[PDB]
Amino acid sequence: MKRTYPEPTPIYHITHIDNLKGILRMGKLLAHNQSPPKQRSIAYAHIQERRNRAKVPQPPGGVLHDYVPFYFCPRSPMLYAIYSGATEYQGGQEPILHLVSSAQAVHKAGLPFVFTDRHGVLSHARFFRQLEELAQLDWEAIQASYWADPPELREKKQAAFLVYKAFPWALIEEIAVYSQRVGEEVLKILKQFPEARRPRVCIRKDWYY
């Protein structure tokens, strides 16, 4: 019998540790089109250019770059490309944070969101607004440790949770890290912003390659 979604339903945003000061200084993740003060890009430029022009067909509309992106799993295919040094970024996985929240927290906060059933740049991706439609996602695919094939599993592992324009730091519940050295550095950065929520910092080597 096919797996269901946990409730609350965790959502994950990966970013380089060099960006955490900018996230705390703004008090939020900003969408790409909101010009976040990022220090370190870990993206593929050629797929960023697709996101730059990919329409979001549910309200509040706009394009994929108008939304702060999350996945429904850690240990993403994106993180594999970073781990293997396939990106322009050559620093590897160790300085990449997993920022964790939930779908339900976003809804309760009244923030506009959409989600997809597969990688959002695919022309056949379905888009949803109602958390009951989390039943449309493939939770086997989302949880799969081996995702390279078959193709439908590879697409559906990359179902995305999309928050319009900005995501408030106070909705982050956990920062997951690869190593003790990165966890310590995360805590030093948080202590420079004493008015900000300090989520638990957890070493989760099984969220990495």
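The term rigid core refers to the most C-alpha atoms you can superpose between the two forms while keeping them within 1.5 Å. The first residue of the shown sequence is 1; numbering continues from there.
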{"property": "Rigid core superposition result in 5 other deposited structures of this protein, more deviant of 5 to 13, 196 to 204 by Cα", "result": "5 to 13"}
{"property": "Which of 97 to 105 and 82 to 90 strays further in 5 other deposited structures of this protein - Cα RMS after rigid core alignment", "result": "82 to 90"}
{"property": "Other PDB entries, at least a third, lacking residue 48", "result": "yes"}
{"property": "Per the entry, higher mean C-alpha B factor between 114 to 122 and 83 to 91", "result": "83 to 91"}
{"property": "Segment of higher mean CA temperature factor, 62 to 70 or 49 to 57", "result": "49 to 57"}
{"property": "Residue with maximal Cα B-factor (values as given in the PDB entry) among 34, 39, 180, 158", "result": "180"}
{"property": "Peak C-alpha temperature factor (PDB record), options 191, 25, 16, 13", "result": "191"}
{"property": "Among modelled residues of the same chain, the CA temperature factor third for residue 99", "result": "lowest"}
{"property": "Lowest, middle or highest third - CA B-factor, residue 105", "result": "middle"}
{"property": "Chain-wide C-alpha B factor ranking for residue 76, given as lowest, middle or highest third", "result": "lowest"}
{"property": "For residue 29, the third of its chain into which the C-alpha B factor falls", "result": "lowest"}
{"property": "Modelled-residue ranking by C-alpha temperature factor, third containing residue 148", "result": "highest"}
